[PDB]
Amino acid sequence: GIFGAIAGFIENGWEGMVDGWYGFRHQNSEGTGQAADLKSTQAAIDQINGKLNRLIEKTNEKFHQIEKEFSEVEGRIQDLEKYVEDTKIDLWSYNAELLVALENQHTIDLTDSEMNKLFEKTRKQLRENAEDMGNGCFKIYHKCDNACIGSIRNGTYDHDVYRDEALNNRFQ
């Protein structure tokens, strides 16, 4: 939605990722792989669980109220009782329709946010050792084995170790 990652500059989702909501796919000298990112998955799921809990809070315990079905024609008083219930239902129906539109728009945008946050966290991490191809992928300009790919996913990647090799591959 609003951030342009999901349904945006990322082409489509990964149906084979069944262990997380966001993750990494790589190709290197050792093969190809897929790994979920738990940080971003928990971030999105926690906020959605947060709004689920805000909605089960409801405090609508009602007992003796007004009559809402009538078998006899009575006139004024019945007109008012019917009008009151019709007025109440229309306003609550509006509240429900507005609530889902707000919540769903915000849900789509917040998941789009989490995707972009994982991207940016990864982008800044690689420093001058990689470039953004624009499709949600980085070309890594050095040999980066499974431990190296691991280091990126786990946040322990030391860009200074590979900087000279990557700079030389980048700039002719």
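So that there is no doubt, residue numbering starts at 1 and follows the sequence shown.
K.L.:
When the Cα temperature factors in the entry are averaged, is it 115-123 or 141-149 that ends up higher?
P.N.:
Comparing 141-149 with 115-123, the higher mean C-alpha B-factor belongs to 141-149.
K.L.:
According to the deposited model, is the average Cα temperature factor higher in 70-78 or in 95-103?
P.N.:
Averaging CA B-factors over each stretch, the winner is 70-78.
K.L.:
Where does the C-alpha B-factor of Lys58 rank in its chain, lowest, middle or highest third?
P.N.:
Highest third.
K.L.:
Consider only the C-alpha atoms of the modelled residues in this chain, order them by B-factor as the entry records it, and name the third containing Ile2: lowest, middle or highest.
P.N.:
Middle third of the chain for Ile2's C-alpha B-factor.
K.L.:
Splitting the chain's C-alpha B-factors into thirds, which one does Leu110 fall into?
P.N.:
Lowest third - that is where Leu110 ends up once the chain's C-alpha B-factors are sorted.
K.L.:
What third of its chain, lowest, middle or highest, does the C-alpha temperature factor of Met133 fall into?
P.N.:
Highest third, going by the recorded CA B-factors of the chain.
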